[PDB]
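Given next are two forms of a protein chain, the same chain in both, each as structure tokens and marked structure 1 or structure 2.
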Structure 1
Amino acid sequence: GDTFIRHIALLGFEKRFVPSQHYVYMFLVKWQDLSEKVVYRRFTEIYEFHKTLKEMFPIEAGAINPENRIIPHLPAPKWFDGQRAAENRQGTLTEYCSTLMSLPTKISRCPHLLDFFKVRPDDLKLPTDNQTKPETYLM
């Protein structure tokens, strides 16, 4: 078509400390030119992106007729301890991203989605403090 994403894989997550302590999920994004780029997104940013996508495509969100829903589900930020919930979260984000790429191309190649997964300055140059590195969890 143009510029678009061919594949989105979840590689794991990182525990960040700067500027504050939080988790980011690590995605490998394959583009139409076959480049593979790493980007990092917190769960709340993914969830907000999800809500924006549902608002754009109310038919596929099931907002008119719920049996017509094809946008994958994403459980709210429930901050839930134990790694059953953690195995559910990496698993549900993995499933979410794979299912996005099977949607009809009006959604899977929509510019809003492409823009969400484009590299940010801090995807290229991670924030550091001399007095503080992130813990990486590839799994």
Structure 2
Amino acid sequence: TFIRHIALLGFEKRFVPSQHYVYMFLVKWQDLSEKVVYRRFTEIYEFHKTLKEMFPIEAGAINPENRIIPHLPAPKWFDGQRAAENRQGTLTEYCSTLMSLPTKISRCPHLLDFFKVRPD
């Protein structure tokens, strides 16, 4: 099983434990099956850091010119107003580049596992 496509659908406000935002991703799997999953920016950023660590060549850690993994701004750079809308635009681009990568990365178990529906 693998993912064919990820579309960023939007965000929603949540309030427990306190006010934050969750980004909604429409995940289409190999069998045309379709699921919406909900992730915080910080969780996505931790996912991205690990992805870079797993793929140093494609991360640009050896020759920076061979980098193909997309850039993702750290949380700190989304300061005040419009943080949700700002991060939404950034993630839409991040997701399309991510899914355009060679299958070595775009189907790695780290990615598949991040975007699988979480337990109730």
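Under this definition, the rigid core comprises the largest set of C-alpha atoms superposing within 1.5 Å between the forms. Only residues modelled in both forms are compared. Numbering for residues begins at 1 and runs along the sequence of structure 1.
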Residue among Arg84, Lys106, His73, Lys51 whose Cα moves 2 Å or more between the two structures, once the rigid core is superposed
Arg84
The CA shift of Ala61 between the two structures, rigid core aligned, in angstrom, is 0.1
Please state the CA displacement of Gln21 between the two structures in angstrom, with both forms fitted on the core.
1.8
Segments of at least 3 residues with every CA displaced 2 Å or more between the two structures, core-aligned, in sequence order?
18-20, 78-88
